[PDB]
Amino acid sequence: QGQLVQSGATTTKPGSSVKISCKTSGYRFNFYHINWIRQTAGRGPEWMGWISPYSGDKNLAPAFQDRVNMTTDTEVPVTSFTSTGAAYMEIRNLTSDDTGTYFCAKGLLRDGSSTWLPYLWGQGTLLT
Amino acid sequence: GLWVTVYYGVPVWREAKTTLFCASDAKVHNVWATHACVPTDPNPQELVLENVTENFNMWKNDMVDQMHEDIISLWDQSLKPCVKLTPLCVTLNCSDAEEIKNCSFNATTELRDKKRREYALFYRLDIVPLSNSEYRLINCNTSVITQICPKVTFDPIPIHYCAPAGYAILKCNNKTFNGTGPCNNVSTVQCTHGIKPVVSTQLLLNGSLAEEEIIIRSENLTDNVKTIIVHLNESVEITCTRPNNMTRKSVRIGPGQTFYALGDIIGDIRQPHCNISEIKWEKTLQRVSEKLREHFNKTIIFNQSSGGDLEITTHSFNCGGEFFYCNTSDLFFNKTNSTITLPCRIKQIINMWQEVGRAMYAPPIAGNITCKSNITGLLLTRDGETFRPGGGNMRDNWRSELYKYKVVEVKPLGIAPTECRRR
Amino acid sequence: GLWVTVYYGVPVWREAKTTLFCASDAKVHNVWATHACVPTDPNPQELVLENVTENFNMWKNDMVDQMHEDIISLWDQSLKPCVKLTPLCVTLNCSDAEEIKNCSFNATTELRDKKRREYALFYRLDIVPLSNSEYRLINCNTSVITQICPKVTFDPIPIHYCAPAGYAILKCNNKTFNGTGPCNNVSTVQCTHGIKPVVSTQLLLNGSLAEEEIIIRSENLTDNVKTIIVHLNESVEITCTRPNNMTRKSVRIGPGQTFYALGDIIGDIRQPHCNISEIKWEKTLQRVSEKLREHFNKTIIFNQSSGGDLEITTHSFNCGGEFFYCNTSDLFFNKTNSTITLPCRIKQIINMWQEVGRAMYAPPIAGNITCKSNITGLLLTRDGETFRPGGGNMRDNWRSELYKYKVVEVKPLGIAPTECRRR
Amino acid sequence: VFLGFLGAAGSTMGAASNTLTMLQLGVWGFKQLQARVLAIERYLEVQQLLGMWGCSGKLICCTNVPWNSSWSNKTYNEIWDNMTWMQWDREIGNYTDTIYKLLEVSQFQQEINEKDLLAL
Amino acid sequence: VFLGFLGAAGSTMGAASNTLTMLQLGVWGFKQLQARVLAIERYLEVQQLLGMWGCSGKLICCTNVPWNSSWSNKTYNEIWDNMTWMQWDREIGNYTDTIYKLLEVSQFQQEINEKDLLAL
Amino acid sequence: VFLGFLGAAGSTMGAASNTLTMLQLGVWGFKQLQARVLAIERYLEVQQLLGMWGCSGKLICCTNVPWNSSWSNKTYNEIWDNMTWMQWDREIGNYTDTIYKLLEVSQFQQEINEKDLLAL
Ligand SMILES: *[C@@H]1O[C@H](CO)[C@@H](O[C@@H]2O[C@H](CO)[C@@H](O[C@@H]3O[C@H](CO[C@H]4O[C@H](CO)[C@@H](O)[C@H](O[C@H]5O[C@H](CO)[C@@H](O)[C@H](O)[C@@H]5O)[C@@H]4O)[C@@H](O)[C@H](O[C@H]4O[C@H](CO)[C@@H](O)[C@H](O)[C@@H]4O)[C@@H]3O)[C@H](O)[C@H]2NC(C)=O)[C@H](O)[C@H]1NC(C)=O
Ligand SMILES: *[C@@H]1O[C@H](CO)[C@@H](O[C@@H]2O[C@H](CO)[C@@H](O[C@@H]3O[C@H](CO)[C@@H](O)[C@H](O)[C@@H]3O)[C@H](O)[C@H]2NC(C)=O)[C@H](O)[C@H]1NC(C)=O
Ligand SMILES: *[C@@H]1O[C@H](CO)[C@@H](O[C@@H]2O[C@H](CO)[C@@H](O[C@@H]3O[C@H](CO)[C@@H](O)[C@H](O)[C@@H]3O)[C@H](O)[C@H]2NC(C)=O)[C@H](O)[C@H]1NC(C)=O
Ligand SMILES: *[C@@H]1O[C@H](CO)[C@@H](O[C@@H]2O[C@H](CO)[C@@H](O[C@@H]3O[C@H](CO)[C@@H](O)[C@H](O)[C@@H]3O)[C@H](O)[C@H]2NC(C)=O)[C@H](O)[C@H]1NC(C)=O
Ligand SMILES: *[C@@H]1O[C@H](CO)[C@@H](O[C@@H]2O[C@H](CO)[C@@H](O[C@@H]3O[C@H](CO)[C@@H](O)[C@H](O)[C@@H]3O)[C@H](O)[C@H]2NC(C)=O)[C@H](O)[C@H]1NC(C)=O
Ligand SMILES: *[C@@H]1O[C@H](CO)[C@@H](O[C@@H]2O[C@H](CO)[C@@H](O)[C@H](O)[C@H]2NC(C)=O)[C@H](O)[C@H]1NC(C)=O
Ligand SMILES: *[C@@H]1O[C@H](CO)[C@@H](O[C@@H]2O[C@H](CO)[C@@H](O)[C@H](O)[C@H]2NC(C)=O)[C@H](O)[C@H]1NC(C)=O
Ligand SMILES: *[C@@H]1O[C@H](CO)[C@@H](O[C@@H]2O[C@H](CO)[C@@H](O)[C@H](O)[C@H]2NC(C)=O)[C@H](O)[C@H]1NC(C)=O
Ligand SMILES: *[C@@H]1O[C@H](CO)[C@@H](O[C@@H]2O[C@H](CO)[C@@H](O)[C@H](O)[C@H]2NC(C)=O)[C@H](O)[C@H]1NC(C)=O
Ligand SMILES: *[C@@H]1O[C@H](CO)[C@@H](O)[C@H](O)[C@H]1NC(C)=O
Ligand SMILES: *[C@@H]1O[C@H](CO)[C@@H](O)[C@H](O)[C@H]1NC(C)=O
Ligand SMILES: *[C@@H]1O[C@H](CO)[C@@H](O)[C@H](O)[C@H]1NC(C)=O
Ligand SMILES: *[C@@H]1O[C@H](CO)[C@@H](O)[C@H](O)[C@H]1NC(C)=O
Ligand SMILES: *[C@@H]1O[C@H](CO)[C@@H](O)[C@H](O)[C@H]1NC(C)=O
Ligand SMILES: *[C@@H]1O[C@H](CO)[C@@H](O)[C@H](O)[C@H]1NC(C)=O
Ligand SMILES: *[C@@H]1O[C@H](CO)[C@@H](O)[C@H](O)[C@H]1NC(C)=O
Ligand SMILES: *[C@@H]1O[C@H](CO)[C@@H](O)[C@H](O)[C@H]1NC(C)=O
Ligand SMILES: *[C@@H]1O[C@H](CO)[C@@H](O)[C@H](O)[C@H]1NC(C)=O
Ligand SMILES: *[C@@H]1O[C@H](CO)[C@@H](O)[C@H](O)[C@H]1NC(C)=O
Ligand SMILES: *[C@@H]1O[C@H](CO)[C@@H](O)[C@H](O)[C@H]1NC(C)=O
Ligand SMILES: *[C@@H]1O[C@H](CO)[C@@H](O)[C@H](O)[C@H]1NC(C)=O
Ligand SMILES: *[C@@H]1O[C@H](CO)[C@@H](O)[C@H](O)[C@H]1NC(C)=O
Ligand SMILES: *[C@@H]1O[C@H](CO)[C@@H](O)[C@H](O)[C@H]1NC(C)=O
Ligand SMILES: *[C@@H]1O[C@H](CO)[C@@H](O)[C@H](O)[C@H]1NC(C)=O
Ligand SMILES: *[C@@H]1O[C@H](CO)[C@@H](O)[C@H](O)[C@H]1NC(C)=O
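Protein chains in written order, with PDB author numbering: chain D, 1 to 52, 52A, 53 to 72, 72A to 72H, 73 to 82, 82A to 82C, 83 to 100, 100A to 100F, 101 to 110; chain G, 33 to 59, 65 to 134, 152 to 185, 188 to 309, 312 to 321, 321A, 322 to 353, 355 to 359, 361 to 395, 411 to 458, 466 to 504; chain G', 33 to 59, 65 to 134, 152 to 185, 188 to 309, 312 to 321, 321A, 322 to 353, 355 to 359, 361 to 395, 411 to 458, 466 to 504; chain B, 518 to 538, 565 to 663; chain B', 518 to 538, 565 to 663; chain B'', 518 to 538, 565 to 663. A prime marks a further copy of an entry chain.
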């Protein structure tokens, strides 16, 4: 199971910097990478980056290398295998080209060769 | 093609109830854990369970219910060979030395037919006025009295509760743990830490300390009958003493039966009591007040014990070898430098582990008694927002220290499919 | 290329302390080893350890300290259900029948309120004169008295001390073994030989014999406080008897409590004593003299016991069911045919295993008592060269028989390199 | 001694299992003994079962029983790289005794197959 | 029963190992029972270790650990033809637990090698 | 648990073996414990012997000892198709310990044969 509810679909103008939330449930937030992926209307779906809610290790695309701040606060234990974590992500020199729906998705597994693969997706957040 | 593969030794555990055994440090003569226990490994090995959370419940733990019975089963075996005071249940012709009394009684001697007239001092609490200043021991109308063998001591020393092989102990280390529910960062240990069996009431003496904050613990805080257990990070230092320089006096009551009585008060007649710093106790009590407002969004209050038996109303404990009973009214009266002093009394006929009818006589410790102890917690009770202290049961004392630990079976058989096939 | 090779079952052993269990031959009713023990294999299997030497130390053995406690733990369980003589600690109006006394006392009857006037005979030793010929039992001023259940017997029968599985017993067989240090020709046994618990003082009765010479044994012979233990190859036959034809008399002292007293002396009044042959004891004592000159190159001497309690000064032991106390002055007076006779007395209130305050009443054996026993050793004590006999402790008796044996763990895991490699 | 190998209880199944990186008769005298008997009763609970499957002295013994997909229809990659031994046990806990019986007959028949093989 | 095989304790290591030639609750009731529990606690002390090295049911099991010459730099001929098991144990007693741990990992990895081998 | 496999006690030997188809210290506290120790003393009575014959974890282990016809001069067909394990045991009960000793030396020598084999 698990559900990643995102933030609100609020809009800003260029030069600003908005933060997008992603509140997880029903799964161990530390066990899987959180992954943000942007669907720009005038481009192909672009992968932005995963961070490790356990290791605290991040990995972005070179197109967002010095432009995105992705963070996570600690998880709240609910039971033996259920936690509630929050995922945050910003963009630096933001313009209007970055217009589109932003998604957050947790990783596939926690081992092997397909560890971080965005398996379970969120609700998306409309920007503009 | 996937086939069953058997794994021996898999990181999986159950939840069962086993019999724990005691380990002890390098020291002999105490009722708790004499040479009975194995030596503690000088390096208690603790390995951390990474990526693990567990559901603790200090209020449905079995190490507590097993420790509560273990402690009670300890005194029963140590009081088994000692001397009975059943011949002492005679008539007493008493007079004041009404705090303590100088009492005379006719006593049996080394011979069965000759009688002797002895005198002995007796605290007023250990005696009842029967239907011309003639008195009677307090617990002869309903119980059998057994005197402590005057060599064993009740000095609380650390007890190490260990689980058998093939079992494990899971320890929580979240320094905010409510005592119930999911705790992460859990680690396993072969044995618990050193735990001193400190038997007190209202105030928890010589206990562990919270590393951060002050952790309130209970099952259901919504009713009232559930005992609140305060934990503390700042320990207020209490100092108690019975200043009456006392004398031990061996009396002849029967063949090989030399019961030890309260002989004489050398020096001044004074009063036993305890001291706490005014600014410090008022500081750390205006601290527990800050934490009760979190759950009850009202104004908290401290009155005093509602009444009843002497042991529940008082701050009963042990000190030097004699059992104190302190009136704690000057501690709990919530009023948001100097020092405070609690009037304490002393009993010799006490009845711990409230059995059917087994009393206990503590032989008088000769000389000047003084003990300084740390108050590291409380145990409050809420009215149907006022908080008067009181002891729900003696197992409350063991809970406040065993909240971290939780005993588990271990299951080595691991069954799961793989791409292998025998032969 | 050498690689580790594991061997299970290697001839190597450690030195540990385990709990030994008792085996017994084909016979019931004695305090030592009733039906409690397993039957002894009629062929005690002993295999010889060729090419082996071992370091024994009879004075730091644990089978002795374990046997000494085992024997004491035996009587305590057999005296647990028996009858107390605490009501008998009354006033006694005595008269001579001052060796033994005819004493009268007021006694409780089958009913709790009616009193009876009984008479009973009492040895002078079991009684003390209290502050007009009124007396008192000797151990009512400091101890609780327990009468032996008059059915159990103290007849010494062979005890087989066996080691648990996974342990072993190493036996020395050098017929000159000092008791300490390297012994060769060692052999292992599953169980020790039959050992009779013969509790005596000064003179060792019904013990084992040295095959050659007479082996002196002790820790440090250079001081004096270390008890010398003589072993012998020639056993002097002693003959003891209490000739007073006695009568048993059941007295009514309480519900189901029929204590058995000394009734009446039928026949002559005579004296208990022991006989040893003059030429034989003088021969084998002029023999122990020859061996003490080896280590102390001086002139040896035998005086008598220095004094103190009655049990240390005397040759105390058991005979027929009553406990003798013989004055051994006519045995130890070193003067480099006829017969010698030792004046013995008899107690009924004895206190073996010198506990805190537990006395023991031996019910009188009716009739003529006569026992003949072998004296196979001694236990001397040297002055700061004179040798006066005396018992250092009752474990000295067990040492003189367990000097051969020594308990060991066995270690089956053998790790050593070989030219093999798995797979 | 070291029977507490729970060190990898929160790790994935394949990361943990496939590639590691004198008494006195009183209340501490009879307590310490029952704790000593209660431990080896249970070590022989499992080592007997390990002997009834042809797995004596083996931590990882392969068997001769195909995986009934009704037990768990999940992939090797979503077991040994996603689940932990603690929660996998709970998911497959209901059929745990059916597999035991079936393991037992696979080894018993394997004992007589080699019996017919060594008869030649 | 016959656990006393010490018969060749004074013989050379290679001459010995390589080529052989109803109670009542009283003080004998609780003594005889603890002696019965104390024996099988220790038989399972070693038979468990023998199972953790792939040596169950073997008196002479060869391993997969080379001999570290720092343990003992002595020849086969000055061990199995000169020393006795009693004194060899004492000489190599210090490294006895390092070899145990190392034996344990050699067998654990050997358990997964055959696991990768039987997967084909 | 299921140590009562006597279900085929009246069947022929070959039809049965070859092709199957918290106490309180009182008198129930010390009784129930001795019954628990008395059970595993005897399970280790046999599992130790099974280890001394190279039969750990085996229900049917073939050995290296020829059948001495003085033990029983009877045919395979008049044993495994005519007799039952209960009565066969009684007929061959006298030589039962000679075979044990002899089984023990066959396995011990087999342990050193493979030792000489793995040395190459
Ligand atoms: C507890 O639970 C957590 C959460 O599940 C576990 O953390 C996860 O562990 C798994 C392995 O079991 C991880 O999968 C691996 O992921 C790495 C990706 O990290 C690599 O790349 C980083 C970016 O380039 C790089 O910075 C890393 O290098 C260092 O940095 C980090 C910290 O900054 C440190 O953690 C690293 O160890 C390095 O020190 C790192 O190189 C990926 O490379 C792995 O792939 C290889 O390995 C697998 C087998 O594991 C193999 O199949 C592949 O083919 C390849 O060879 C592997 O996918 C996962 O990323 C972790 N984090 C999650 C899931 O969020 C933790 O292990 C658990 N511990 C215990 C004790 O239970
Ligand atoms: C408690 O009460 C008992 C009596 O029940 C007191 O015992 C009595 O004590 C006094 C003083 O010690 C004794 O009198 C003294 O006698 C001696 C010797 O003659 C003399 O030195 C004094 O001048 C005085 O006369 C008295 O005899 C004694 N009674 C007995 C029976 O011994 C006891 O003192 C009281 N103690 C306390 C602490 O209350
Ligand atoms: C809480 O812990 C403190 C500290 O251990 C306890 O104080 C201790 O009290 C005991 C008993 O009175 C003291 O023993 C005494 O020691 C003195 C000097 O060593 C000696 O003269 C006495 O005969 C007696 O043996 C002990 O010293 C003292 N510890 C310290 C450090 O002062 C206190 O009693 C405990 N509180 C409770 C309720 O158990
Ligand atoms: C020990 O002392 C007791 C007394 O404390 C002696 O008991 C008394 O013994 C004499 C002789 O047996 C009794 O007198 C006899 O009475 C009978 C019947 O009338 C008669 O046959 C004799 O001629 C003589 O008069 C006497 O009654 C008896 N007292 C009691 C209360 O029974 C006992 O004999 C003494 N025994 C020894 C061995 O010292
Ligand atoms: C040292 O060993 C000798 C020989 O065993 C002990 O002599 C034995 O003493 C007992 C107790 O007095 C005798 O028992 C008695 O037997 C006779 C006839 O069988 C019977 O009439 C009595 O009622 C009693 O049961 C036993 O016969 C006797 N043994 C022999 C061979 O004469 C001696 O007591 C031992 N010494 C010590 C200090 O234990
Ligand atoms: C997890 O629990 C462990 C306790 O079991 C904590 O580990 C200790 O942390 C302190 C702080 O540096 C060290 O000095 C100790 O050496 C650690 N103990 C061990 C056994 O490693 C740890 O801090 C806890 N982690 C959290 C986040 O609470
Ligand atoms: C009373 O309280 C003081 C203060 O907390 C205790 O002092 C600490 O004692 C522990 C004992 O393990 C030491 O490790 C610490 O170093 C001490 N720290 C400080 C700041 O004092 C004292 O031990 C307590 N005494 C009792 C009997 O509980
Ligand atoms: C070595 O010790 C053994 C005792 O364990 C002695 O063996 C006995 O010797 C006598 C004398 O002939 C034989 O009758 C016995 O049958 C032997 N016993 C066994 C078990 O063989 C042996 O004499 C000792 N050797 C020395 C040199 O003292
Ligand atoms: C008293 O001493 C004699 C002489 O030593 C003992 O007689 C021996 O007894 C043993 C007992 O095992 C026999 O095996 C011997 O054959 C006897 N030999 C001789 C020469 O008598 C007698 O048994 C001893 N009695 C006691 C009770 O110790
Ligand atoms: C009690 O004691 C007082 C004073 O010692 C004495 O006057 C009185 O007679 C006594 N009464 C009794 C009943 O013992
Ligand atoms: C003890 O009894 C005697 C009577 O024998 C009496 O005189 C005395 O007052 C009594 N004392 C007490 C304290 O009862
Ligand atoms: C026993 O004595 C107590 C003393 O406080 C008294 O209150 C109670 O009524 C008495 N009860 C009985 C049953 O004797
Ligand atoms: C401990 O539990 C509390 C419960 O609210 C939580 O807030 C805190 O973060 C936990 N500490 C950890 C996980 O280190
Ligand atoms: C105790 O803390 C747990 C943490 O999970 C919480 O769920 C529970 O409601 C708390 N109960 C009380 C009485 O504080
Ligand atoms: C102890 O905990 C209380 C909780 O409110 C906090 O206010 C105080 O600062 C803490 N003191 C220390 C010394 O940690
Ligand atoms: C509780 O608090 C105040 C202080 O005296 C008062 O109303 C009341 O008497 C106290 N005691 C009670 C309610 O038992
Ligand atoms: C306790 O002390 C207060 C005053 O400090 C007093 O009013 C009260 O009566 C006392 N109670 C007891 C039981 O001693
Ligand atoms: C003691 O006994 C003698 C003789 O039997 C008798 O004369 C005397 O009165 C008795 N005395 C006592 C105090 O019993
Ligand atoms: C027993 O008591 C009575 C008084 O009832 C007395 O006459 C007799 O002398 C007493 N006898 C002894 C031996 O004390
Ligand atoms: C007890 O009685 C003995 C008898 O020998 C006497 O010597 C001793 O002084 C007495 N001691 C005590 C404490 O009663
Ligand atoms: C026994 O030990 C003594 C010790 O001096 C020795 O002289 C004697 O030869 C030994 N007996 C043997 C080795 O048979
Ligand atoms: C006892 O004999 C041993 C034999 O090795 C010897 O070393 C030791 O000095 C002797 N000690 C005494 C006290 O005779
Ligand atoms: C007994 O040993 C002594 C030791 O000096 C010796 O003189 C005597 O001849 C020995 N006697 C026998 C019969 O062995
Ligand atoms: C020791 O020996 C002689 C013999 O009478 C003498 O000098 C002395 O009195 C005896 N007794 C001693 C020294 O106690
Ligand atoms: C022992 O007997 C001697 C004479 O044989 C005598 O002088 C001595 O006093 C007696 N000692 C004892 C305690 O009987």
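Positions of the beta carbon are idealized from the N, C-alpha and C atoms, including for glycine.
Does any heavy atom of ligand 2 sit closer than 8 Å to the C-beta of residue i?
i: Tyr318/G; result: no
Any heavy atom of ligand 1 within a distance shorter than 8 Å of the CB on residue i?
i: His72/G'; result: no
May I ask whether a heavy atom of ligand 20 can be found less than 8 Å away from the beta carbon of residue i?
i: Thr372/G'; result: no
What do you reckon, is the C-beta of residue i under 8 Å from a heavy atom of ligand 10?
i: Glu190/G; result: yes
Using 8 Å as the cut-off, classify the Cβ of residue i as near or not near the heavy atoms of ligand 11, replying yes or no.
i: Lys168/G; result: no
Starting from residue i, follow its DSSP beta bridges and name the residues at the other end.
i: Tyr32/D; result: In the DSSP output, where bridge partners are listed per residue, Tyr32/D has none listed.
i: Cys205/G'; result: None, per the DSSP bridge assignment.
i: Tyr53/D; result: Paired residue(s): none; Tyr53/D is not in a bridge.
i: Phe53/G; result: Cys218/G
Query raised in the report: Relative to chain B, which residues along the region 617 to 650 of chain B' have a C-beta separation below 7 Å, given in chain order?
Result: none
Query raised in the report: Who's in the neighbourhood of ligand 23, going by beta-carbon under 5 Å from any heavy atom, listed in chain order?
Result: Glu269/G', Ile270/G' and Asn289/G'
Query raised in the report: Enumerated in chain order, which unbroken segments of the alpha helix (DSSP H) with a length of 4 residues or greater are wholly contained in the region 67 to 134 of chain G?
Result: 99 to 115
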